[PDB]
Amino acid sequence: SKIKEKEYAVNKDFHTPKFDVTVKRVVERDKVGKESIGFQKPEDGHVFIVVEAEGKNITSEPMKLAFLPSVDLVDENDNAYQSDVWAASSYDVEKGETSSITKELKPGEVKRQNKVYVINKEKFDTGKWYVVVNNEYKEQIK
Ligand SMILES: [Cl-]
């Protein structure tokens, strides 16, 4: 139809030894970016699936960004998807998240970890989908 975006609220925090990972929402959309920096569109029959997430260092020492837990979009056949780093970057600027990130998070510091996937729309729309955190939690979004 004329519906450009469909949203799935999660709004849950998941505890891992070093980080509390919050998953805010998953968004199905036709494009990412800003008019100033240009827009990106997925190719025919595909959509961008955006998983908005963030991690908070809950230890008393700085921890490396490399240790942030994995957050993956997973289908009913257990295929876990790899984020499109370019689309994710456009989506980040789109949201005003424009600042190089640091290599470590400080104690109590929060770091955005938005993922953007390019998925077949029919597959996304007709199947069951989940967000898997640290290969430890499985949250069904649809
Ligand atoms: Cl805690």
# chains A, B, ... in the order shown; residues from 1 in each chain; ligands from 1
$ residues_near_ligand --ligand "ligand 1" --cutoff "8 Å" --atoms "only C-alpha atoms and all ligand atoms" --output "PyMOL selection string"
chain A and resi 15-17+19-20+58
$ closest_atom_pairs --of "stretch 58-107 of chain A" --to "stretch 123-133 of chain A" --cutoff "6 Å" --atoms "only C-alpha atoms" --output "tab-separated table"
residue	atom	partner	partner_atom	distance
A:70	CA	A:133	CA	5.8
A:71	CA	A:133	CA	4.7
A:72	CA	A:132	CA	5.2
A:73	CA	A:131	CA	4.8
A:74	CA	A:130	CA	5.1
A:75	CA	A:129	CA	4.6
A:76	CA	A:128	CA	5.4
$ write_last_selection --atoms "N, CA and C atoms" --output "CSV table (one decimal), in the first residue's frame"
chain,number,residue,atom,x,y,z
A,70,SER,N,26.8,-10.0,20.5
A,70,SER,CA,26.2,-10.1,19.2
A,70,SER,C,24.6,-9.9,19.3
A,71,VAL,N,24.1,-9.2,18.3
A,71,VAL,CA,22.6,-9.0,18.2
A,71,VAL,C,22.4,-9.3,16.8
A,72,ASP,N,21.6,-10.4,16.6
A,72,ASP,CA,21.3,-10.9,15.2
A,72,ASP,C,19.9,-11.1,14.9
A,73,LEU,N,19.5,-10.8,13.7
A,73,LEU,CA,18.2,-11.0,13.1
A,73,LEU,C,18.2,-12.4,12.7
A,74,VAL,N,17.2,-13.2,13.1
A,74,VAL,CA,17.2,-14.7,12.8
A,74,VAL,C,15.8,-15.0,12.3
A,75,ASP,N,15.8,-15.9,11.3
A,75,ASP,CA,14.5,-16.3,10.8
A,75,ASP,C,14.0,-17.7,11.4
A,76,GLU,N,12.9,-18.2,11.0
A,76,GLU,CA,12.4,-19.5,11.5
A,76,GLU,C,13.3,-20.7,11.1
$ closest_residue --among "A:38, A:45, A:108, A:55" --to "residue A:24" --atoms "only C-alpha atoms"
A:55
$ residues_around --residues "residue A:52" --least-positions-apart "5" --cutoff "7 Å" --atoms "only C-alpha atoms" --output "PyMOL selection string"
chain A and resi 23-26+113-115
$ write_last_selection --atoms "C-alpha atoms" --output "CSV table (one decimal), in the first residue's frame"
chain,number,residue,atom,x,y,z
A,23,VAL,CA,16.8,-4.0,22.1
A,24,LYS,CA,14.4,-1.1,21.4
A,25,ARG,CA,12.6,-2.0,18.2
A,26,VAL,CA,12.8,-3.6,14.8
A,113,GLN,CA,24.6,-0.8,18.0
A,114,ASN,CA,22.0,-0.4,15.2
A,115,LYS,CA,22.0,-3.2,12.6
